[PDB]
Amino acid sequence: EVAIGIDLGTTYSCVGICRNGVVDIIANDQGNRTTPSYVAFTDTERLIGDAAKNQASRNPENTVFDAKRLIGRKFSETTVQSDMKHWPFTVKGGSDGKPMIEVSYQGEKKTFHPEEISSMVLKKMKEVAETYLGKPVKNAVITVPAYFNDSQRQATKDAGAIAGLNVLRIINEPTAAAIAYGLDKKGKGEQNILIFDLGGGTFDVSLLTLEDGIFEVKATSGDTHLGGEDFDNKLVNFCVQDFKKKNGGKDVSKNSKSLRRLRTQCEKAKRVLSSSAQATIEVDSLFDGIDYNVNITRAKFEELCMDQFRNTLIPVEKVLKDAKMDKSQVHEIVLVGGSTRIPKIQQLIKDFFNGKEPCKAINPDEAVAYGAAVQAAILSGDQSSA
């Protein structure tokens, strides 16, 4: 009976349930409404979600993340060759050409396919829903990026089956976000919808058309390597240079543990800067036992990220051009992804669309799961959300 919607994200995943026409986004064990798409292996245990992300800096080789970048891909693909520089964990090619992620678990070398790592994240999301409901959950709708090919979609579905889920359907992330806002029902005439999705690792812009409850993806564009992690890197690079000026040229970047600890604090300061004018980046005993402290204003963060923020409009202009339509023809702009909380990004999009207010009532890092939950309820025979 019970069907859930799961946003299986690059950096974070989210699970929702639509009951009685209302959608509940389910908080995990730590009270978090999203769960990191991280799986770690230690001498004693297999950690998933928050616990895995929290020990990543102390166990880099055996903490897996970004499996969505490998799922359904052949190890020889150029995107794998390029992305692998960003991973402290080992990835090798199997005889079937599939990527094999190599970790140490309980003193033993273990290998996993990307869909096996994703199945562990999906199993955690299934368990999050089950703890909340107090009952087993078998059915699910899982979302994927609109550009995912047949191999990537099938491997995502296989990850669901391995997790014990009966995958009712694989749907597109931009379409799930549009469904969450009821843009398929509220209109009932021709509607052009722009989905602006800026997450932790990726940026996706999708232009949809909705005529008579039917969504079609007209054009997609973005940058598979632009996200919140790149804005954190701008703060890291600044702090590394600031530490040099304060401590006689000492280079924090030569110690990978110092960089990871600094990156953790840079990301926290960035989030604070979305609702405050200032934030403090503090790392006690950062490098060579030296304490680090700096105050970052929202203006300085906006300056370091100025080009990256402005360049988010380029894929917007590209989808409009590909779809042969003017920006004035866009009926709704939906903000998806945790990075859309950055005020400067919201302002740039509003100004680009001539003052039009974007749809951001649903927590942007929850809108995809929210729409998947609605679709899961419809596919289960529940018409209450209509």
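The first residue of the sequence shown is number 1, and the count goes up from there.
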Between 61-69 and 38-46, the record assigns the higher mean Cα B factor to 38-46
Quick note on 246-254 and 151-159: per-entry mean CA temperature factor is higher in 246-254
From the entry's CA B-factor values, the highest among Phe196, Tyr292, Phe231, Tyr181 is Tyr292
Top Cα B-factor in this entry, restricted to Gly201, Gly93, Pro174, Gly222, sits on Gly93
Assert third(CA B-factor, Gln346) within chain per record equals lowest
Here the Cα B-factor of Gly187, set against its chain, lands in the third termed highest
Binned into thirds over the chain's modelled residues, the C-alpha B-factor of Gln106 lands in the highest
Tertile call for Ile117 (CA temperature factor, within chain, third-based) is the lowest
Of the three thirds of Cα B-factor ranks in this chain, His331 occupies the middle
